[PDB]
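Single chain ahead, by itself, as structure tokens, in the form deposited in one PDB entry.
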């Protein structure tokens, strides 16, 4: 018994083998899921990465800003999994924000063109993915997205914080639409994980006073967490996501599950 025996799950957002999306996929496969992967921009490079997953799985190009890709997605998936099958799961593990909206760059200096692009990719896309894919989702199934607790402002995360606050609201509306199909929609609010986006968008959003000032702030998780937090281990987050994909949280929708070692429950 896999936790996800014979479930068909789409997984977006793999780019390196540190990606949260990757570990979600590895764990979903270990628990008997047959996957359909999506990737953005660097398909050849993503394909080397996905070969390292425990099982082969079809790979589809999806740039959540591409009108045509979303219009096509529903059909490209049906053709990848077998005509007359549907998905039981969907994982949105996608984010972006320009350099201007992040790190040491003044919050007031981010121009709206740039903020808008981030909100498009990191928040609105959760709705446009749900729109494209609900028609090919079974009753019982689960949409899951990735969140970083935005309830309080923090240094550096800046306009991404705002995108996550938007995503949180988007998720509650998707839950309403998804409800008509017997589908749940939830976010996992993870603690920090060494992934590409952490480094090149955030660590590289500061340079010098930079990446050791990542470090201290992120022990505003390991310290607070009553069971601790390990930034190098995505397994706990991946498992938490699989739990939402499974049949074992069947009464939770529009909601947020914290995979953060409990840190958000503790002030110190």
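So that the term is clear: the rigid core is the largest set of C-alpha atoms that superpose within 1.5 Å between two forms. Residues that one form lacks are left out of the comparison. Positions refer to the first chain, counted from 1.
Beyond what is shown, the protein has a form deposited in another entry; the following relates to that form.
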Once the rigid core is lined up, just say which one of 60, 243, 57, 206 has a C-alpha that travels 2 Å or more between this form and the one not shown. 206
Answer with closer or farther for the CA-CA spacing of residue 203 and residue 169 in the other form compared to the shown form; it moves by 3 Å or more. farther
Residue 100 and residue 203: do their C-alpha atoms lie closer or farther in the other form than in the form you see, with a change of 3 Å or more? farther
Could you point out the stretches of 3 or more consecutive residues whose C-alpha atoms all move by 2 Å or more between this form and the one not shown when the rigid core is superposed? 199 to 214
